[PDB]
Novice: 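Below you'll find the structure I mean.
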There are 2 protein chains.
Amino acid sequence: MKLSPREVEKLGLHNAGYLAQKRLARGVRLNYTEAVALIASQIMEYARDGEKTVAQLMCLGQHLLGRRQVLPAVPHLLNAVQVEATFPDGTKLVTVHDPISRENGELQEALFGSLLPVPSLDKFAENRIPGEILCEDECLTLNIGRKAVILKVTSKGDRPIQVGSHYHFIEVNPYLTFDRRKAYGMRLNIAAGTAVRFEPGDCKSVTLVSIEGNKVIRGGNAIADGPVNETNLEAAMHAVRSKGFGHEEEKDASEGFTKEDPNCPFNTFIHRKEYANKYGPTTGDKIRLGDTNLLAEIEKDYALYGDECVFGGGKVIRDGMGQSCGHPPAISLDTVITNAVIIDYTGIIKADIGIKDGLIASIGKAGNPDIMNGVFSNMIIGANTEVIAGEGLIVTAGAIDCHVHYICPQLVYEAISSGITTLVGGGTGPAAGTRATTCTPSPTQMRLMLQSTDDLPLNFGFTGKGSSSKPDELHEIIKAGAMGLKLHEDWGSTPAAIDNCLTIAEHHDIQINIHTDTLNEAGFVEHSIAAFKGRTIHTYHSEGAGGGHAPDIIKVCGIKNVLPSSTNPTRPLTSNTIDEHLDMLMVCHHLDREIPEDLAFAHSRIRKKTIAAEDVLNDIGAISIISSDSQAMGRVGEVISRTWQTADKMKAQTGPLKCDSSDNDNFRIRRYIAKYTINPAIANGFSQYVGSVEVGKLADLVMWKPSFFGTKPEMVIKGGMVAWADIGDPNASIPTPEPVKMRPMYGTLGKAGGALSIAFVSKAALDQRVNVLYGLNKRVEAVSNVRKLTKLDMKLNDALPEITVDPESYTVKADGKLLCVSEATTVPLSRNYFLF
Amino acid sequence: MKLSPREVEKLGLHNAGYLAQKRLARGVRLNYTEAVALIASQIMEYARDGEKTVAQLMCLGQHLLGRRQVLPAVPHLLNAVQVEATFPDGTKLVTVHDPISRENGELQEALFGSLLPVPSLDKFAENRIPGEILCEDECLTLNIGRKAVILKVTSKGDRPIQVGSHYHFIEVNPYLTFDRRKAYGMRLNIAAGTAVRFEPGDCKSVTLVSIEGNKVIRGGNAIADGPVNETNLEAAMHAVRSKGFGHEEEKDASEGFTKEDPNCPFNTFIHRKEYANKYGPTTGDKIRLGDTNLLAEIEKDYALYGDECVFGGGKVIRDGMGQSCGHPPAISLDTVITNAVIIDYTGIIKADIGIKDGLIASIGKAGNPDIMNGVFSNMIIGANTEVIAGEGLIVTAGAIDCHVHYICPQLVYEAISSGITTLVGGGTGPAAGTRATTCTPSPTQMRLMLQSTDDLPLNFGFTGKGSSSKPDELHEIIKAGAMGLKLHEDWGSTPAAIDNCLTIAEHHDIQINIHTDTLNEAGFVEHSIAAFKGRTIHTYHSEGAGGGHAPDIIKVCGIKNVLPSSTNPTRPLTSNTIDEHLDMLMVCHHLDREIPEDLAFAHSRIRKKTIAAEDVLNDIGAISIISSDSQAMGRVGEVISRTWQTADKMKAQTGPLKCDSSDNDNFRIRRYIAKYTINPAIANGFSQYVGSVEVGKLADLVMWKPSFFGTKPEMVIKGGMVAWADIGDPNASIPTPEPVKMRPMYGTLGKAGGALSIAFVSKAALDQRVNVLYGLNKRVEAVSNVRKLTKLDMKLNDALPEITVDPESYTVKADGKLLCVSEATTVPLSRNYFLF
Ligand code: NA
Ligand code: NA
Ligand code: NA
Ligand code: NA
Ligand code: NI
Ligand code: NI
Ligand code: NI
Ligand code: NI
């Protein structure tokens with residue numbers, strides 16, 4: 001066959017299309033992913049037939065699927081479908097714009113080439129715009145507080161001339177004629193990144209405003225190089241004349257100032273709707289998170305309207321304009337993320353993000369201090385600065401999963417593709433010990449796992465086996481590189497082991513993670529709590545389905561020295577949760593439905609009442625962290641989605657939180673994002689490095705389209721370099737034609753991954769330079785400051801309700817009041833997005 | 001589409017399901033692999049439709065395929081099918097238990113969503129349990145030779161308490177009341193890894209037995225810490241009272257001893273069937289190897305019944321119990337493989353395997369000398385020890401393929417996924433020279449191949465081109481890293497080259513591999529044998545279909561200084577062998593069916609009589625090694641399977657070997673496994689490092705389910721770390737849901753592979769530190785002790801029959817007697833297992 005990589009890829013696309021076709025043929029209303037697969041595959045197939053042009057297929061593609069053949073969200077999610085195929089005249093790109101354009105599609109065309117029977121239209125069974133921006137019906141005023149002038153500009157050229165918003169107007173093409181003197185130090189008063197076009201012979205009046213900041217002109221034609229002043233004005237006019245740049249005095253040109261006034265002729269306005277389309281939303285606007293019920297409101301914006309940093313042809317980030325020409329090379333940003341909506345436990349804000357040496361260097365207003373106000377010296381875009389376009393997108397910290405079983409490498413790829421950039425847990429591969437527990441037991445394995453993962457662009461921490469009554473071996477795994485220890489009932493979670501392990505932690509400044517004695521063999525939950533002796537400990541899967549004293553481990557959520565996490569699969573309580581978990585447990589534990597004691601054990605551990613309580617405890621901030629339990633009772637690619645599904649369920653069933661405004665869900669949003677960002681980092685002792693979008697931390701950042709927030713990110717940035725991203729056909733003319741998949745980027749090749757990341761180890765291990773001993777390229781840092789933590793140190797999740805659990809009925813109360821929530825029948829961030 | 005890795009994977013699963021559906025639709029009885037694909041895919045598709053619950057699908061899955069729609073082995077092989085899918089309430093796991101439950105399935109449901117026509121039940125055309133354990137109908141007695149007591153135990157707790165077999169009974173939950181004094185130094189007399197459950201208020205009599213070994217109590221509640229003695233008993237009772245642990249004297253409790261007696265009330269028994277289910281089989285039990293006719297009998301077992309090392313919740317390997325608390329940290333095992341059936345040329349035995357520093361540290365009874373008898377100091381499980389669960393599985397050495405053409409890297413992945421951990425051969429990639437011969441000719445290429453393969457977790461040896469009449473260049477490729485040389489007719493296999501090459505080998509202590517002069521251009525087989533001058537040489541594909549003096553190269557199998565191997569594709573003689581090989585040869589040699597001399601050559605080389613003889617010569621031990629000839633006349637993933645298919649064919653056609661018992665096939669099994677384990681290592685000079693499951697060697701080990709023995713292993717361990725393994729959906733809640741594929745593990749990432757492996761080179765190369773010169777991370781060792789070998793040094797394959805071949809008829813005789821076996825029409829290890 002001599003298949004090239006692109007042929008192999010297009011075959012997969014076709015297979016996805018055929019799956020969508022079979023589904024359509026039985027009357028399934030297709031989701032976004034299926035609709036894209038079908039439309040793209042059909043374009044390829046019509047290209048194969050060789051009877052239709054690109055132009056014809058641009059139209060045909062709009063007729064394949066109607067509103068009735070797709071889910072309600074699809075016409076909102078699907079703006080275009082692109083694919084390339086081999087026509088009789090070679091490879092061509094087809095873009096199908098606005099493909100869901102009719103009530104019912106031409107299903108014979110949708111099924112062309114499939115040999116499937118065409119279904120009657122009545123086979124398709126009879127809301128909410130994902131990622132919607134909500135804004136007040138009003139205008140923003142651009143560029144306020146500046147000198148302004150209106151000038152007549154005439155083209156004497158024979159070819160078109162188009163001038164961008166931030167181009168120094170005196171520097172334009174000599175074949176434009178206008179008052180060059182009045183244009184000195186001015187630029188167009190138009191939306192940032194837009195332009196004014198002059199066809200040959202055109203005369204247009206334009207409004208100009210003064211450049212600001214230091215007011216220094218650089219670049220262009222070098223007509224008026226230098227600070228704006230009287231000397232440099234006269235020099236500029238001398239050059240205008242000497243070089244024959246079109247100039248005509250306009251003595252009576254209107255002059256004034258811009259200000260907040262809706263009637264001022266010098267002003268330029270832009271509606272909030274159009275503003276959000278160009279730059280993303282601004283202060284007071286709201287954004288729907290994915291297809292959830294949650295609305296995030298922009299709390300503040302560092303933008304000065306009119307000076308937005310947008311990159312592109314004719315746009316703002318260009319030499320002498322938004323790109324600074326003359327500052328010290330060493331202070332240029334390495335990368336700027338422009339116009340980001342940042343969602344973080346610290347706030348929901350709008351800002352540019354500056355990255356330098358892999359760190360978040362600055363958050364605020366970026367650009368060029370020579371022409372813009374408000375640009376600090378740590379946010380300068382220079383010649384040596386890359387641009388990532390954040391406008392219209394949400395940026396969050398990379399997620400931190402701190403209950404990882406290192407069962408296989410493939411879960412690492414699944415994790416980062418979902419937006420996780422730090423993994424903490426234990427294991428050696430798919431050995432029984434690791435399949436059960438987060439433990440890398442031997443110093444030999446600690447070395448091998450650090451070496452194995454050295455080129456992967458994630459931060460890693462490995463935990464040893466803490467289940468021992470003597471300290472001797474624990475010291476060894478810690479000095480070998482462990483940054484924590486796991487106490488697990490499968491290795492023994494007895495009071496003697498608990499006490500010994502915590503004593504070790506007090507010495508070594510590492511966190512202890514515990515899965516308690518489900519069997520109550522050595523004691524009940526109160527006896528394990530006693531063994532903690534008031535010392536800091538992280539309780540895994542605190543609700544207990546994932547393990548722990550039956551039936552009342554969840555009591556730990558009210559203990560001050562406990563940092564409690566949930567694992568994902570119980571999040572939130574839904575129709576299938578209990579049946580699913582009961583069988584999962586019996587499979588994991590090799591239990592027999594027909595042996596009473598086995599069934600008694602299973603029912604003692606999988607409990608609707610405690611899982612329902614877990615929904616509420618998460619919502620009120622009494623559970624502080626959400627984690628995976630990857631391939632050992634949980635799902636590595638669903639840490640983020642399960643967190644948001646929980647928040648959505650609780651909003652639906654209980655309304656806004658007490659501390660919530662009712663114009664938005666900001667408090668709930670901040671509380672929940674903390675569960676997979678900052679709190680895992682605090683609990684494990686590396687919060688100075690990662691866990692939030694804050695200056696000085698590693699630039700581990702994830703970019704999301706609001707319509708896909710919480711499910712499928714666009715791009716994962718690790719230490720300031722793109723590590724994984726959505727990319728289409730590698731042979732295509734542009735990066736977006738099908739099939740679009742999450743793929744590894746340059747941060748995954750060679751040893752780049754180590755340069756972008758950190759392996760977290762104990763101080764004892766760093767004291768002997770374990771990175772040198774093991775030949776690691778990845779940076780190593782010691783964990784610290786984890787033995788004086790309490791629940792109060794868990795950001796936005798510091799609640800300590802007194803929890804009781806009825807030993808017979810399993811009824812849970814918090815501060816004497818019943819904790820109940822019904823099961824949900826559906827969740828968002830699911831059916832609208834996934835192919836299977 | 002924004003496809004995540006799991007979506008791409010599930011699409012492939014669906015495609016496999018659809019293949020199975022098409023096959024079902026035409027009346028094919030599905031094999032195991034197809035049945036799994038179909039059932040898993042159908043569960044996903046019903047989940048997509050959104051009208052069925054997890055519970056409903058657990059039942060529906062049992063109705064899809066009946067016994068008549070699958071092969072006879074399928075109901076035996078298929079215990080469950082698991083898959084995850086996106087329901088309306090998010091991702092859920094469905095397990096379909098015992099899916100083949102009826103005579104005929106509901107084929108409309110089996111084909112749901114496929115749009116395929118449903119076949120009538122009569123379209124399906126009208127034995128042997130693969131991996132079956134056979135055992136005597138009898139009971140084993142646990143824990144014999146111990147003090148025993150029967151105690152009444154009452155729960156005064158309000159929550160359930162469950163106590164494991166090896167928990168120190170005096171240390172249990174204070175809410176159990178019993179005679180704590182009589183419980184001191186005792187544990188439950190129940191099957192290892194099981195438990196006794198106490199619901200609130202329960203009273204149960206339990207039988208306890210004394211701990212053994214050093215008799216030291218550690219862990220638990222630290223009630224009775226220390227060696228069992230009178231002083232520590234009184235201290236324990238003081239603690240019991242001080243701390244309020246439930247205690248009531250039971251003065252008349254029955255006391256005694258356990259012993260071999262079926263009537264003793266203190267005894268606990270377990271039937272052999274249940275024993276084998278929990279721990280794998282024991283002495284005298286038999287295991288069917290895959291779906292072959294071969295039965296392996298356990299020759300001895302190091303277990304002391306009752307003290308089996310089983311890991312899990314409530315089980316044996318826990319702090320102070322089966323996991324030792326107090327021995328020196330440096331002597332903890334790195335990993336223990338528990339309860340393995342070891343099949344090796346040295347014997348078929350049952351044992352734990354201890355791994356330390358990547359080596360097989362010990363084979364025998366593992367655990368904790370403080371509570372168990374029979375644990376030597378090199379088999380101690382400690383806090384820093386990982387567990388691999390071998391119970392129910394077979395462990396073998398990694399296979400060694402010593403006829404590898406390094407034509408592409410992809411054959412390396414195929415090799416290890418099949419259970420091969422060492423490759424020996426030559427090549428540079430898909431150049432003509434390498435496609436024909438196992439030669440890495442240039443020192444430049446030797447360097448590049450060692451560098452190229454440095455991070456792959458296999459051991460490698462590279463052979464140079466030995467076909468030269470002068471020694472000068474041979475010295476150079478050897479000092480560059482060659483660990484052997486290939487004489488090949490394509491480069492000239494003349495007596496002058498043979499003699500020169502062997503002289504070089506005598507100097508350098510490396511093995512020579514030869515493909516002889518098929519054309520008899522310089523001489524007949526006797527002339528090549530003369531050129532050997534009694535020196536050791538390894539004859540590749542000794543039967544000759546793969547190359548060699550026509551028609552009688554097979555004579556070399558009777559020459560004392562020859563070490564003879566077979567290649568795989570002729571193994572064994574079957575219905576299609578001759579037609580397949582005749583055409584393969586004519587394709588490889590660009591021969592023309594219509595040119596008489598071309599056809600004469602082909603028929604002189606591909607001979608039913610010599611291939612039939614090769615079956616017999618392998619069976620009697622006159623051919624010592626089986627190898628691939630990877631992508632050059634043979635199949636890299638079939639070294640192991642073809643060996644077992646040969647053994648199965650010979651048992652079927654000739655019965656047990658002379659040296660075989662008739663209760664089992666142990667001698668034949670040991671003879672055949674030697675062909676791809678120890679004998680390649682002896683022939684090539686690295687048998688001290690690899691090639692058998694023996695103490696001191698590298699821990700290159702393969703885990704097999706008996707039902708899949710010889711086809712598809714579970715896990716491949718390289719240097720003590722998992723290198724490749726079966727793993728399912730990386731996003732799944734557990735490691736087993738579909739699609740389950742052989743995948744690379746942590747031993748393949750970063751530079752871990754080099755840490756786990758060895759590059760074998762000549763002494764000359766090691767003398768100049770070629771690993772340093774080439775910047776290799778992989779360990780390097782020199783081959784040695786290969787110039788004094790004879791056929792007698794080939795383990796269990798040391799036969800030297802006088803072979804004659806009729807030059808006209810090709811009739812083969814051994815010691816004057818006709819060697820004939822008919823062709824087989826089928827082979828095992830094939831149709832039951834493979835998708836294509
Ligand atoms: Na609901
Ligand atoms: Na209870
Ligand atoms: Na002949
Ligand atoms: Na046969
Ligand atoms: Ni757990
Ligand atoms: Ni876990
Ligand atoms: Ni050959
Ligand atoms: Ni060959």
Side-chain angles (χ1 to χ4, degrees), chain A residues 292-293 572-577 612 615 645-646 648-654 821-828 830-831, chain B residues 50 87-90 401-407 411 423-427 431-440 463 465-467 484-491 493 513-516 518-520 524-525 538-555 565-570 584-585 588-589 597 600-607 609-610 625-636 639 804-812:
Chain A
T292 76
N293 56 20
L573 176 64
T574 70
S575 301
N576 285 306
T577 302
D615 285 348
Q645 289 162 337
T646 301
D648 166 287
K649 184 204 173 166
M650 291 303 299
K651 176 179 177 180
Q653 303 193 13
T654 74
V821 66
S822 60
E823 57 199 54
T825 54
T826 65
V827 297
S830 64
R831 303 280 288 197
Chain B
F87 286 78
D89 64 328
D401 183 4
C402 65
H403 191 150
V404 177
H405 292 252
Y406 296 111
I407 289 165
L411 65 88
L423 303 177
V424 171
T434 295
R435 288 177 54 150
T437 77
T438 48
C439 301
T440 301
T463 57
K465 192 199 299 171
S467 286
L485 298 170
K486 174 70 172 288
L487 284 159
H488 197 292
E489 73 177 322
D490 293 8
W491 300 114
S493 274
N513 309 310
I514 187 168
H515 169 138
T516 63
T518 303
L519 307 178
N520 301 311
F524 292 122
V525 65
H538 176 186
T539 53
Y540 271 176
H541 43 64
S542 302
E543 174 281 326
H549 293 278
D552 54 356
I553 178 63
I554 202 165
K555 285 172 178 170
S565 57
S566 285
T567 57
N568 66 21
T570 52
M584 188 190 299
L585 182 70
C588 280
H589 288 236
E597 293 88 353
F601 165 77
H603 284 307
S604 79
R605 183 163 148 180
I606 306 304
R607 309 163 295 251
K609 289 182 178 181
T610 59
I625 290 167
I626 294 178
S627 59
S628 68
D629 222 341
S630 62
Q631 281 190 326
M633 293 234 37
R635 300 188 176 94
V636 81
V639 174
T804 62
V805 181
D806 187 302
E808 219 162 29
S809 73
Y810 308 161
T811 293
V812 182

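For ligands, and for the atoms within them, numbers begin at 1 and follow the listed sequence. By convention in this document, chain letters (A, B, ...) are assigned in the order of the sequence lines, proteins followed by strands, and residues within each chain are numbered from 1. Any value given below was found using the heavy atoms of this structure, including those in side chains, with hydrogens, waters and symmetry copies removed.
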Novice: Determine whether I553(B) and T610(B) make a side-chain contact, defined as any pair of heavy atoms from C-beta on separated by less than 4.5 Å.
Specialist: no
Novice: Are the side chains of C402(B) and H538(B) in contact, using a 4.5 Å heavy-atom criterion?
Specialist: yes
Novice: Can you spot which of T438(B), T440(B), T437(B), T463(B) makes a side chain to side chain donor-acceptor pair (under 3.5 Å) with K486(B)?
Specialist: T438(B)
Novice: What's the shortest heavy-atom distance between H405(B) and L411(B), and which atoms?
Specialist: O-CD2, 3.3 Å
Novice: Hey, are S628(B) and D401(B) close enough side-chain-wise for a donor-acceptor pair under 3.5 Å?
Specialist: yes
Novice: Answer yes or no: does atom CZ of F601(B) have more than 12 heavy-atom neighbours from other residues, nucleotides or ligands under 6.0 Å?
Specialist: yes
Novice: Below 2.8 Å, which protein N, O or S atoms neighbour the Ni ion (ligand 8), ignoring water?
Specialist: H403(B) NE2, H405(B) NE2, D629(B) OD1
Novice: Closer than 3.0 Å to the Na ion (ligand 3), what protein N/O/S atoms do you find?
Specialist: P807(B) O
Novice: Might you point out which heavy atoms bring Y810(B) and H603(B) nearest each other, and give the distance in Å?
Specialist: CE1-O, 3.8 Å
Novice: So do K649(A) and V821(A) actually touch side chain to side chain, heavy atoms under 4.5 Å?
Specialist: yes
Novice: Checking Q653(A) against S822(A): is there a side-chain donor and acceptor pair closer than 3.5 Å?
Specialist: yes
